Amino acid sequence: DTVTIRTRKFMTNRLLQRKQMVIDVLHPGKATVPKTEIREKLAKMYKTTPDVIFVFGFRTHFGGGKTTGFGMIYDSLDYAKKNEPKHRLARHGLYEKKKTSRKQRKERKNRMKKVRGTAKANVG
Amino acid sequence: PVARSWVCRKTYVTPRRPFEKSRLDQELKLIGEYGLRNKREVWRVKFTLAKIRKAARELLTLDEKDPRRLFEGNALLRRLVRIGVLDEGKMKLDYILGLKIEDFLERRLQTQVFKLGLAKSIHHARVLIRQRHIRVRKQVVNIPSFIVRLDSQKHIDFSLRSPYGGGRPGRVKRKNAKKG
Amino acid sequence: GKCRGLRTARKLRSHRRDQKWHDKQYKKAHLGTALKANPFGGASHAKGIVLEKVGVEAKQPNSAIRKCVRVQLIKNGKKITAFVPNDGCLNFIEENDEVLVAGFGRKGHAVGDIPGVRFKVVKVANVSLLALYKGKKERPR
Amino acid sequence: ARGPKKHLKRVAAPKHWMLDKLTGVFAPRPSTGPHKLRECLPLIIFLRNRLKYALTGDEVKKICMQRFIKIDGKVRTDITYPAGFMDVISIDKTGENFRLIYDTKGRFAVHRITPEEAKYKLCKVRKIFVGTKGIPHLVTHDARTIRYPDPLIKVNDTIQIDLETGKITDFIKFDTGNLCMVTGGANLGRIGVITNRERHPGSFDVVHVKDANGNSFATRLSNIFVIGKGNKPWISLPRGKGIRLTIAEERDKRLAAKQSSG
Amino acid sequence: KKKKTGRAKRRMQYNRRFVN
Amino acid sequence: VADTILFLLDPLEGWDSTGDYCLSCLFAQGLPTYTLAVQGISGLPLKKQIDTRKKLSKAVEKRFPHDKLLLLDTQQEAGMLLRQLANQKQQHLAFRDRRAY
RNA sequence: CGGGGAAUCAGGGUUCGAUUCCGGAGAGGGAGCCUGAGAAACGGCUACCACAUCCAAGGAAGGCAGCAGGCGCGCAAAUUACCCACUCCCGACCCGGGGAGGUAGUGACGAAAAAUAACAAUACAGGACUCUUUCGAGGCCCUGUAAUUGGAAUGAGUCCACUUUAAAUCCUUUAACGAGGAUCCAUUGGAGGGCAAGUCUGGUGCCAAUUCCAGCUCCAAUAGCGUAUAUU
């Protein structure tokens with residue numbers, strides 16, 4: 001209602017198959033708008049589906065009037081699956097990572113180098 | 001190797017002699033007249049004025065048609081006119097040597113909130129700015145030392161969310177009106 | 001008179017070098033024997049072990065009896081005599097306590113009141129004498 | 001060290017790249033290639049810092065190794081490939097062409113060119129030698145060797161070369177009265193006509209160049225790239241035409257542009 | 001009671017010193 | 001007759017009044033080398049833990065000024081505490097050092 | 001270790017530069033090699049010297065002036081944390097790896113910003129102005145001081161949700177609670193011999209002066225302020 005969306009520095013990136021822009025969000029009396037709402041408003045503005053819109057890096061200014069962030073709209077979901085980082089793709093629920101620590105992978109790697117042969121695969 | 005910068009400067013100088021009565025009295029006068037927290041704010045503004053006077057004397061040693069004298073004197077005069085300390089008709093490097101600390105103190109946001117009648121006193125002005133009741137053209141400002149430009153002189157407005165401004169009342173007024 | 005010749009830089013340099021060697025602050029800071037003979041080893045503070053407690057008599061025009069600690073420094077084994085701010089603070093000090101000691105305050109010079117003491121006790125048992133004397137902290141044993 | 005270096009610290013990078021202090025401790029470190037380390041613009045800085053298709057180096061890699069970027073008509077997927085003076089960058093997907101030529105402040109301008117201008121480039125001849133079986137060769141400023149050049153082409157002359165094939169198509173002599181652009185030293189980026197070349201045997205020659213506004217400046221002979229024959233350049237020039245304005249007239253132009261719009 | 005601190009202590013000292 | 005004293009603490013307060021009384025008697029008799037271990041930091045919600053530890057440090061600093069607060073929650077931290085115990089500068093008490101006990 | 005550089009600054013100078021950029025050197029001390037385009041390499045090898053680990057006593061292994069961490073030394077210095085998302089580097093490589101590096105933890109080194117109250121009525125004390133020669137009158141103002149009243153405004157905190165981010169924290173943004181002795185209580189030093197600041201009080205001893213101790217009053221700067229040492 002009172003939240004409004006403007007897009008400033010628009011660019012059509014044919015090389016990464018997207019549109020990219022800076023998003024100005026006006027919420028004169030609220031908290032900082034969640035990213036799914038901004039994705040829905042950009043989906044209505046740019047006449048597309050909201051699963052190919054990725055927004056990030058929102059900073060609300062002092063005093064609470066305006067919030068600036070970055071956004072991009074991909075041509076398809078496949079290009080979003082190609083070109084987007086894995087973490088921003090996982091923020092939409094589209095990527096899952098190994099639940100393993102650095103210490104675990106590093107100590108397993110250093111334990112496999114004391115064994116030679118396919119018995120390396122028997123090292124936990 | 002860190003991606004960090006270590007550049008910073010001190011914004012004041014302590015006085016050379018600690019206990020001189022005339023300097024103490026003059027500093028206390030300016031503190032009381034302008035509603036300042038301590039002596040360090042007087043020393044900060046004194047440091048800014050001393051740097052500007054040093055730049056003016058250095059540019060005054062140069063000959064009149066030196067390109068650096070013209071460029072840097074023009075920029076310094078333009079800045080001093082832009083913050084309202086000098087008059088637009090006095091754009092001449094000789095008049096900078098006649099500037100006083102009181103002009104820089106009058107261009108603060110605390111002093112302008114006092115002088116435009118948004119506050120009943122200078123200390124009321126300080127506590128008003130510090131409590132997010134003041135905005136400058138769109139932007140809520142907490143800093144009493146916010147130096148106001150001549151283009152922002154007419155846009156000191158009064159915080160569209162403040163109880164005395166936009167209208168939504170404070171903690172005490174909702175707590176007290178809830179009793180009855 | 002001094003020479004002013006335009007080709008006399010070497011003589012001016014040599015003379016200034018010798019005459020800097022005649023300067024007592026320069027000689028202390030550059031000869032090095034002041035730092036080898038200093039009990040602190042050129043540092044600002046030093047820790048020691050309290051050997052004994054003694055009483056040093058004050059100056060003649062203001063007669064008094066001040067109380068001092070004889071302390072052997074840890075890092076070089078040198079013996080020094082250190083000052084305690086009053087007799088109340090001395091009750092916190094016992095033989096064999098690790099004590100942190102500074103200088104008296106006139107930069108290596110002794111006292112104008114107590115003859116021949118240059119060091120003051122700052123901490124004992126890793127707590128300051130100011131904190132013990134004001135009841136802020138207690139010391140262990 | 002015990003061998004060659006692989007890292008470039010960001011504050012030790014060339015200043016005309018216009019990198020900042022707080023993004024990292026490292027700069028992109030150009031690969032070995034036809035240009036010097038200090039006189040090139042790497043492809044990652046072009047595609048990210050200047051042209052802003054990419055936000056990270058990983059996006060630069062995703063752009064480059066989809067095989068979209070041609071440098072001098074050849075597809076390059078090295079993100080740190082050293083591109084330098086007079087090099088033509090072609091992006092066929094977006095239909096863009098560029099030449100890396102200098103601003104009046106000594107920085108590689110984003111200079112957009114016409115697709116027919118992207119067919120060729122200019123090279124300064126750095127050495128002429130005769131190789132085996134009496135075959136003459138020239139070596140240019142971008143490590144190009146051409147066999148059988150024109151016998152009139154000498155060192156310091158400029159060849160106009162065709163990027164489709166790589167052969168000599170035209171050339172311009174070094175002569176007093178020809179147009180040149182300065183590619184090094186304190187006068188980097190300025191353009192003017194050569195008025196006097198003084199010779200110092202066993203040392204560096206000094207070329208005197210006069211600007212189109214009548215200003216005169218000297219450089220070494222190494223810093224001179226002859227661009228056009230007499231007075232008309234054979235390539236497109238940036239918005240400034242090699243005319244270095246002083247700080248006073250630049251402030252005046254900025255104030256007039258602010259006054260006219262706003 | 002308590003003494004004032006900060007800008008208020010200086011305001012009090014100024015009112016004592018130069019006002020009267 | 002202790003060579004080292006391991007004091008135990010809770011995250012919220014520093015010590016009890018009984019702990020204060022015991023510490024007064026122990027300081028006054030003579031302390032050997034000591035180490036400070038805290039038991040319930042990981043029992044707290046995460047969003048407070050760091051801040052809680054900071055608060056605890058201040059509550060300790062009035063009696064133990066420059067002393068590290070170890071954590072004793074797991075077997076791994078127990079081994080780290082034992083290693084800190086084994087290799088540490090021992091405080092020497094003169095009375096028991098001059099006599100056979 | 002040398003420079004770039006830092007403190008001071010009328011000018012000349014004086015002191016500092018172990019330390020993140022550039023160049024050099026070294027990997028416990030020496031010495032000698034192999035491989036490779038590149039090393040006299042030490043997170044390669046081979047000896048000796050100094051230390052030192054395991055052992056079934058035959059043998060085997062070693063090099064934190066890398067990141068953490070420990071002991072020692074001392075006046076003197078942080079976590080055995082998370083991550084390759086950023087910056088870049090390496091590799092057969094768009095995909096793997098990086099204690100480089102990033103991010104949190106400790107951190108009053110130091111630098112910036114900046115709360116700890118404001119206002120109104122009333123009562124006294126002053127200063128202007130009108131009317132009076134004056135005393136005096138001012139529902140005439142102005143400014144101060146409150147064991148006097150009064151609700152207005154807020155942060156500090158507590159704590160949803162967003163935002164932030166690799167994931168988080170913080171900051172910012174916002175609901176809710178949150179101020180009268182607003183006890184939600186500012187400290188550190190110095191003054192009765194000279195720069196700022198004392199005709200003060202009480203104990204305790206010597207022959208009213210006079211040792212030691214505890215206060216009051218005042219002054220300075222202020223989230224900071226003393227001390228030592230070196231230096232300018």
# chains A, B, ... in the order shown; residues from 1 in each chain; ligands from 1
>>> residues_around(residues="residue 87 of chain B", least_positions_apart="3", cutoff="12 Å", atoms="only C-alpha atoms (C1' of nucleotides)", output="short mmCIF file (atom, residue, chain, number, x, y, z; two decimals) with N, CA, C and O atoms, in the first residue's frame")
data_model
loop_
_atom_site.label_atom_id
_atom_site.label_comp_id
_atom_site.auth_asym_id
_atom_site.auth_seq_id
_atom_site.Cartn_x
_atom_site.Cartn_y
_atom_site.Cartn_z
N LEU B 77 37.12 30.04 -0.76
CA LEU B 77 36.10 31.07 -0.63
C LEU B 77 34.72 30.53 -0.96
O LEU B 77 33.74 30.88 -0.30
N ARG B 78 34.63 29.67 -1.98
CA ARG B 78 33.35 29.08 -2.35
C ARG B 78 32.80 28.20 -1.24
O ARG B 78 31.60 28.23 -0.96
N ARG B 79 33.67 27.44 -0.58
CA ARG B 79 33.22 26.61 0.55
C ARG B 79 32.77 27.47 1.73
O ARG B 79 31.73 27.19 2.34
N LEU B 80 33.53 28.52 2.05
CA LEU B 80 33.16 29.39 3.16
C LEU B 80 31.85 30.14 2.89
O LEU B 80 31.07 30.39 3.81
N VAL B 81 31.61 30.51 1.64
CA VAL B 81 30.33 31.11 1.28
C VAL B 81 29.22 30.07 1.32
O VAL B 81 28.08 30.36 1.72
N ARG B 82 29.54 28.83 0.96
CA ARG B 82 28.52 27.78 0.88
C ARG B 82 28.02 27.38 2.26
O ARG B 82 26.85 27.01 2.39
N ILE B 83 28.86 27.44 3.29
CA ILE B 83 28.38 27.18 4.64
C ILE B 83 27.99 28.45 5.38
O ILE B 83 27.83 28.42 6.60
N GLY B 84 27.85 29.57 4.68
CA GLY B 84 27.28 30.77 5.28
C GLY B 84 28.18 31.54 6.21
O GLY B 84 27.72 32.51 6.81
N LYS B 90 31.89 39.23 -0.08
CA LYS B 90 33.20 39.35 0.54
C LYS B 90 34.13 38.21 0.12
O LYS B 90 34.99 37.79 0.88
N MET B 91 33.96 37.70 -1.10
CA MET B 91 34.78 36.59 -1.59
C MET B 91 36.17 37.11 -1.96
O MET B 91 36.51 37.35 -3.12
N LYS B 92 36.99 37.26 -0.92
CA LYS B 92 38.35 37.76 -1.05
C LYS B 92 39.16 37.18 0.10
O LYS B 92 38.70 37.17 1.24
N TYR B 95 39.58 38.77 3.72
CA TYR B 95 38.51 38.75 4.71
C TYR B 95 38.48 37.46 5.53
O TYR B 95 37.92 37.47 6.63
N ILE B 96 39.07 36.38 5.03
CA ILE B 96 39.14 35.13 5.78
C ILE B 96 39.92 35.33 7.07
O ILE B 96 39.56 34.78 8.12
N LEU B 99 37.73 36.28 10.00
CA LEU B 99 36.69 35.38 10.48
C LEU B 99 36.91 35.02 11.94
O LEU B 99 38.04 34.97 12.44
N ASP B 103 31.05 32.61 14.06
CA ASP B 103 30.30 32.32 12.84
C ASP B 103 30.17 30.82 12.62
O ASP B 103 29.09 30.31 12.28
N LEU B 150 23.65 27.07 3.11
CA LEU B 150 22.64 28.09 2.81
C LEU B 150 21.48 27.52 2.01
O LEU B 150 20.37 28.06 2.07
#
>>> closest_atom_pairs(of="chain A", to="chain B", cutoff="12 Å", atoms="only C-alpha atoms", output="Markdown table")
| residue | atom | partner | partner_atom | distance |
| --- | --- | --- | --- | --- |
| A:28 | CA | B:161 | CA | 9.0 |
| A:29 | CA | B:161 | CA | 8.0 |
| A:30 | CA | B:161 | CA | 11.3 |
| A:61 | CA | B:139 | CA | 9.2 |
| A:62 | CA | B:140 | CA | 7.0 |
| A:63 | CA | B:140 | CA | 5.3 |
| A:64 | CA | B:140 | CA | 8.8 |
| A:65 | CA | B:139 | CA | 8.3 |
| A:66 | CA | B:139 | CA | 10.1 |
>>> residues_around(residues="residue 90 of chain D", least_positions_apart="4", cutoff="8 Å", atoms="only C-alpha atoms (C1' of nucleotides)", output="PyMOL selection string")
chain D and resi 69-73+95-98+118
>>> closest_atom_pairs(of="chain A", to="chain G", cutoff="10 Å", atoms="only C-alpha atoms (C1' of nucleotides)", output="JSON lines")
{"residue": "A:27", "atom": "CA", "partner": "G:173", "partner_atom": "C1'", "distance": 9.7}
{"residue": "A:29", "atom": "CA", "partner": "G:174", "partner_atom": "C1'", "distance": 8.1}
{"residue": "A:30", "atom": "CA", "partner": "G:174", "partner_atom": "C1'", "distance": 5.8}
{"residue": "A:31", "atom": "CA", "partner": "G:174", "partner_atom": "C1'", "distance": 4.1}
{"residue": "A:32", "atom": "CA", "partner": "G:173", "partner_atom": "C1'", "distance": 5.4}
{"residue": "A:33", "atom": "CA", "partner": "G:162", "partner_atom": "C1'", "distance": 6.3}
{"residue": "A:34", "atom": "CA", "partner": "G:162", "partner_atom": "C1'", "distance": 5.8}
{"residue": "A:35", "atom": "CA", "partner": "G:163", "partner_atom": "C1'", "distance": 8.9}
{"residue": "A:56", "atom": "CA", "partner": "G:164", "partner_atom": "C1'", "distance": 9.7}
{"residue": "A:57", "atom": "CA", "partner": "G:164", "partner_atom": "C1'", "distance": 7.6}
{"residue": "A:58", "atom": "CA", "partner": "G:163", "partner_atom": "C1'", "distance": 6.6}
{"residue": "A:59", "atom": "CA", "partner": "G:163", "partner_atom": "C1'", "distance": 7.0}
{"residue": "A:60", "atom": "CA", "partner": "G:172", "partner_atom": "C1'", "distance": 5.9}
{"residue": "A:61", "atom": "CA", "partner": "G:172", "partner_atom": "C1'", "distance": 6.4}
{"residue": "A:62", "atom": "CA", "partner": "G:172", "partner_atom": "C1'", "distance": 6.3}
{"residue": "A:63", "atom": "CA", "partner": "G:173", "partner_atom": "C1'", "distance": 8.0}
{"residue": "A:64", "atom": "CA", "partner": "G:173", "partner_atom": "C1'", "distance": 5.6}
{"residue": "A:65", "atom": "CA", "partner": "G:173", "partner_atom": "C1'", "distance": 8.8}
{"residue": "A:66", "atom": "CA", "partner": "G:173", "partner_atom": "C1'", "distance": 9.5}
{"residue": "A:67", "atom": "CA", "partner": "G:173", "partner_atom": "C1'", "distance": 9.0}
{"residue": "A:82", "atom": "CA", "partner": "G:94", "partner_atom": "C1'", "distance": 9.9}
{"residue": "A:85", "atom": "CA", "partner": "G:85", "partner_atom": "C1'", "distance": 8.4}
{"residue": "A:86", "atom": "CA", "partner": "G:85", "partner_atom": "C1'", "distance": 9.0}
{"residue": "A:87", "atom": "CA", "partner": "G:166", "partner_atom": "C1'", "distance": 6.7}
{"residue": "A:88", "atom": "CA", "partner": "G:166", "partner_atom": "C1'", "distance": 9.6}
{"residue": "A:101", "atom": "CA", "partner": "G:82", "partner_atom": "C1'", "distance": 9.1}
{"residue": "A:102", "atom": "CA", "partner": "G:83", "partner_atom": "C1'", "distance": 8.3}
>>> write_last_selection(atoms="C-alpha atoms", output="CSV table (one decimal), in the first residue's frame")
chain,number,residue,atom,x,y,z
A,27,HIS,CA,8.2,2.4,3.6
A,29,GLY,CA,6.4,4.1,8.8
A,30,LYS,CA,7.2,0.4,8.7
A,31,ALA,CA,10.1,-1.9,9.2
A,32,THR,CA,12.4,-3.0,6.4
A,33,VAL,CA,10.3,-4.8,3.8
A,34,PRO,CA,10.9,-8.5,3.4
A,35,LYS,CA,12.5,-9.6,0.2
A,56,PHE,CA,19.8,-8.7,-2.2
A,57,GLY,CA,21.9,-6.3,-0.2
A,58,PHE,CA,19.2,-4.0,1.2
A,59,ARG,CA,20.3,-1.2,3.5
A,60,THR,CA,17.7,0.9,5.2
A,61,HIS,CA,18.9,4.5,5.7
A,62,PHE,CA,18.9,6.5,8.8
A,63,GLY,CA,15.5,7.8,9.9
A,64,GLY,CA,13.7,4.9,8.2
A,65,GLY,CA,12.3,6.4,5.0
A,66,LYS,CA,14.2,4.6,2.2
A,67,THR,CA,15.9,1.3,1.6
A,82,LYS,CA,23.2,-21.3,-14.3
A,85,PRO,CA,25.5,-17.9,-6.8
A,86,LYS,CA,24.6,-21.0,-4.9
A,87,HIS,CA,23.7,-19.1,-1.7
A,88,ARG,CA,21.2,-16.7,-3.3
A,101,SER,CA,32.5,-28.8,8.6
A,102,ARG,CA,35.9,-27.6,7.3
>>> residues_around(residues="residue 210 of chain G", least_positions_apart="3", cutoff="12 Å", atoms="only C-alpha atoms (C1' of nucleotides)", output="list in words")
residues 62 and 63 of chain C; 205, 206 and 207 of chain G
>>> interface_residues(of="chain G", to="chain E", cutoff="8 Å", atoms="only C-alpha atoms (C1' of nucleotides)", output="PDB file with N, CA, C and O atoms (P, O5', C5', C4', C3', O3' and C1' of nucleotides), in the first residue's frame")
ATOM      1  P     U G 116      21.717  14.608  28.295  1.00  0.00           P
ATOM      2  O5'   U G 116      22.055  13.839  29.652  1.00  0.00           O
ATOM      3  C5'   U G 116      21.097  13.000  30.281  1.00  0.00           C
ATOM      4  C4'   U G 116      21.726  12.136  31.345  1.00  0.00           C
ATOM      5  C3'   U G 116      22.343  12.857  32.530  1.00  0.00           C
ATOM      6  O3'   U G 116      21.389  13.295  33.482  1.00  0.00           O
ATOM      7  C1'   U G 116      23.809  11.157  31.787  1.00  0.00           C
ATOM      8  P     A G 117      21.695  14.555  34.434  1.00  0.00           P
ATOM      9  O5'   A G 117      21.917  15.756  33.423  1.00  0.00           O
ATOM     10  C5'   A G 117      20.943  16.773  33.289  1.00  0.00           C
ATOM     11  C4'   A G 117      20.218  16.674  31.976  1.00  0.00           C
ATOM     12  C3'   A G 117      19.208  17.771  31.704  1.00  0.00           C
ATOM     13  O3'   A G 117      19.796  18.962  31.221  1.00  0.00           O
ATOM     14  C1'   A G 117      18.227  15.683  31.251  1.00  0.00           C
ATOM     15  P     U G 143      14.200  34.967  29.442  1.00  0.00           P
ATOM     16  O5'   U G 143      15.470  34.722  30.365  1.00  0.00           O
ATOM     17  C5'   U G 143      16.715  35.319  30.044  1.00  0.00           C
ATOM     18  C4'   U G 143      17.571  35.499  31.268  1.00  0.00           C
ATOM     19  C3'   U G 143      17.637  34.311  32.205  1.00  0.00           C
ATOM     20  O3'   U G 143      18.501  33.297  31.731  1.00  0.00           O
ATOM     21  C1'   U G 143      17.365  36.302  33.454  1.00  0.00           C
ATOM     22  P     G G 144      18.486  31.840  32.398  1.00  0.00           P
ATOM     23  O5'   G G 144      19.483  31.992  33.623  1.00  0.00           O
ATOM     24  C5'   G G 144      19.468  31.060  34.683  1.00  0.00           C
ATOM     25  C4'   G G 144      19.866  31.708  35.978  1.00  0.00           C
ATOM     26  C3'   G G 144      19.631  30.868  37.221  1.00  0.00           C
ATOM     27  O3'   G G 144      20.703  29.982  37.473  1.00  0.00           O
ATOM     28  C1'   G G 144      18.742  33.032  37.549  1.00  0.00           C
ATOM     29  P     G G 181      11.685  10.466  43.645  1.00  0.00           P
ATOM     30  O5'   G G 181      12.243  11.940  43.873  1.00  0.00           O
ATOM     31  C5'   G G 181      13.176  12.217  44.908  1.00  0.00           C
ATOM     32  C4'   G G 181      14.551  12.531  44.372  1.00  0.00           C
ATOM     33  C3'   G G 181      14.836  12.012  42.968  1.00  0.00           C
ATOM     34  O3'   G G 181      15.831  12.838  42.360  1.00  0.00           O
ATOM     35  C1'   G G 181      16.241  10.909  44.504  1.00  0.00           C
ATOM     36  P     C G 185      22.645   5.057  36.806  1.00  0.00           P
ATOM     37  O5'   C G 185      22.252   6.105  37.935  1.00  0.00           O
ATOM     38  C5'   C G 185      22.450   7.494  37.748  1.00  0.00           C
ATOM     39  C4'   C G 185      22.925   8.143  39.020  1.00  0.00           C
ATOM     40  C3'   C G 185      24.411   8.015  39.326  1.00  0.00           C
ATOM     41  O3'   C G 185      25.181   9.021  38.690  1.00  0.00           O
ATOM     42  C1'   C G 185      23.098   7.587  41.279  1.00  0.00           C
ATOM     43  P     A G 186      25.756   8.829  37.204  1.00  0.00           P
ATOM     44  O5'   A G 186      27.302   9.157  37.357  1.00  0.00           O
ATOM     45  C5'   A G 186      28.161   8.263  38.052  1.00  0.00           C
ATOM     46  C4'   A G 186      29.601   8.705  38.011  1.00  0.00           C
ATOM     47  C3'   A G 186      29.896  10.083  38.606  1.00  0.00           C
ATOM     48  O3'   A G 186      31.154  10.080  39.278  1.00  0.00           O
ATOM     49  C1'   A G 186      30.688   9.984  36.396  1.00  0.00           C
TER      50        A G 186
END
>>> interface_residues(of="chain F", to="chain C", cutoff="12 Å", atoms="only C-alpha atoms", output="PyMOL selection string")
chain F and resi 23-34+60-67+91-95
>>> closest_atom_pairs(of="chain A", to="chain D", cutoff="12 Å", atoms="only C-alpha atoms", output="Markdown table")
| residue | atom | partner | partner_atom | distance |
| --- | --- | --- | --- | --- |
| A:9 | CA | D:52 | CA | 11.1 |
| A:10 | CA | D:53 | CA | 11.3 |
| A:11 | CA | D:53 | CA | 8.3 |
| A:12 | CA | D:53 | CA | 8.8 |
| A:13 | CA | D:53 | CA | 6.2 |
| A:14 | CA | D:94 | CA | 6.2 |
| A:15 | CA | D:63 | CA | 6.0 |
| A:16 | CA | D:63 | CA | 6.5 |
| A:17 | CA | D:63 | CA | 9.9 |
| A:18 | CA | D:53 | CA | 10.1 |
| A:19 | CA | D:53 | CA | 10.1 |
| A:20 | CA | D:53 | CA | 9.1 |
| A:21 | CA | D:53 | CA | 11.3 |
| A:70 | CA | D:55 | CA | 10.8 |
| A:71 | CA | D:55 | CA | 11.9 |
| A:72 | CA | D:55 | CA | 11.7 |
| A:79 | CA | D:62 | CA | 11.6 |
| A:82 | CA | D:62 | CA | 9.1 |
| A:83 | CA | D:62 | CA | 7.3 |
| A:84 | CA | D:59 | CA | 8.8 |
| A:85 | CA | D:58 | CA | 9.0 |
| A:86 | CA | D:58 | CA | 11.8 |
>>> select_by_dssp(residues="chain A", states="strand (DSSP E)", output="number ranges by chain")
A: 4-7, 11-13, 18-26, 53-60, 66-74
>>> atom_distance(atom1="atom CA of residue 49 of chain B", atom2="atom CA of residue 101 of chain B")
6.8 Å
>>> atom_distance(atom1="atom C1' of residue 74 of chain G", atom2="atom CA of residue 49 of chain C")
14.6 Å
>>> interface_residues(of="chain B", to="chain E", cutoff="9 Å", atoms="only C-alpha atoms", output="ChimeraX atom specification")
/B:25,28-29,31-33,35-38,123
>>> write_last_selection(atoms="C-alpha atoms", output="CSV table (one decimal), in the first residue's frame")
chain,number,residue,atom,x,y,z
B,25,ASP,CA,36.7,32.5,30.6
B,28,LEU,CA,33.3,29.1,29.1
B,29,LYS,CA,31.5,32.0,27.5
B,31,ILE,CA,30.2,27.0,25.8
B,32,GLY,CA,27.4,28.7,27.7
B,33,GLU,CA,26.3,30.9,24.7
B,35,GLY,CA,25.0,25.1,24.6
B,36,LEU,CA,28.1,22.9,24.1
B,37,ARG,CA,28.9,19.7,26.1
B,38,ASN,CA,32.6,20.5,26.9
B,123,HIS,CA,19.7,23.2,25.4
>>> atom_distance(atom1="atom CA of residue 108 of chain A", atom2="atom CA of residue 123 of chain A")
7.5 Å
